[PDB]
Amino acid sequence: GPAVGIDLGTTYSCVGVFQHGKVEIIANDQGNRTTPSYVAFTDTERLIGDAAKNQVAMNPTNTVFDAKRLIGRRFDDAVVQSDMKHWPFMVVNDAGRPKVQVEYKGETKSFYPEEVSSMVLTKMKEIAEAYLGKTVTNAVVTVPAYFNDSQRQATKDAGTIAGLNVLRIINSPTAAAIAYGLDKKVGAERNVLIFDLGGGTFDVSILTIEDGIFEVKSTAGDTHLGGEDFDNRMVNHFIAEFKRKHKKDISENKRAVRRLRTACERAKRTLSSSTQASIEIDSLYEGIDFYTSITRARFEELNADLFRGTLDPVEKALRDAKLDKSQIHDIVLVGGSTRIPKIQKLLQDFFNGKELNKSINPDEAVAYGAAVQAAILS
């Protein structure tokens, strides 16, 4: 069985396999090339991936996500403390270790963050195995560059309990670089900038590659800035619109809002290729159908400050690395949010027209690289 590369993401995960000199990013049951890092517990079953996310509005307290933010940390971590105040699921202390508490089959159960991730990892494994038609054991899993030893350990453990023999844990920026073959020895030092704007995290990393050896010169970003924030801006915009037209503030109905958000995330994606998308939601509030639309122009303006602010961390990364804008040789786009045209324009204008590397879907870049690395390692 060939080794696979797995991108264990904060919001979405992806798995790819190197086969016959080519890397294939594997699609799941629903045909998606990335699957949400969601796990849901109901009266009758345990849902993972699309099935889990597809019922979040209906089962909020028992639908777990953002496990990557918990993994490898302590309950006392100020991060954990700050974060938990935003999740609809319970997090409890267990001898210093945080645990997610849910109700599975009427019985109350709690899980260590590594167990939730192992569930997502299991899903990826099934996906690869269904595709390959054979058992998958060896794997290369990615982790952010800033993950400490504990977090790396936990990620490794999540792998082992999923029945995966984790060959190596590599940083995602390095994985992105390898996908573009930027590790090929050219007899010279190379500076690369990884711009990773994902579902909920923003990471900028500057790598220096010499003789086939990576060196993370600097990193910057925002652990709480991703595609979700753009979705919210759309949500708030439409709540205001619904109220003007119907005089009904749907803010309190957690379901109506969550449904609108799902509709927005979908419209958002369409806006990356089309200039406008329609929002068709039957019975949003009471029995009122919400039928409307947004233009790319309006979308961009609703997130103007967020998009623009994206550059500040880029400047920081440069100065920490002691490099000038002209000294970086390659710029690679990672993360689903980098498919947004306004983000690409903005980064390019900043780097004075420099060509951006983005022939490989940004949300599949990390998986692609890990698959290549898995291959060389096995």
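Note that residue numbering follows the sequence shown and begins at 1.
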Higher-scoring stretch by recorded Cα B factor average, 78-86 or 218-226: 78-86
Check the entry's C-alpha temperature factors for 25-33 and 55-63, then say which stretch has the higher mean. 55-63
Considering only 135, 262, 117, 172, which residue's Cα atom bears the greatest B-factor as recorded? 135
If you check the C-alpha B-factor for each of 179, 288, 197, 143 in the entry, which is highest? 288
For the chain shown, is the CA B-factor of residue 245 in the lowest, middle or highest third of its modelled residues? highest
Rank-wise, by C-alpha B-factor, drop residue 72 into the lowest, middle or highest third of its chain. middle
In terms of the CA temperature factor given in the entry, to which third of its chain does residue 210 belong: lowest, middle or highest? highest
State the tercile, meaning the lowest, middle or highest third, of residue 163 with respect to the CA B-factors recorded for its chain. lowest
Sorting the chain's modelled residues by C-alpha B-factor, tell me whether residue 377 ends up in the lowest, middle or highest third. highest
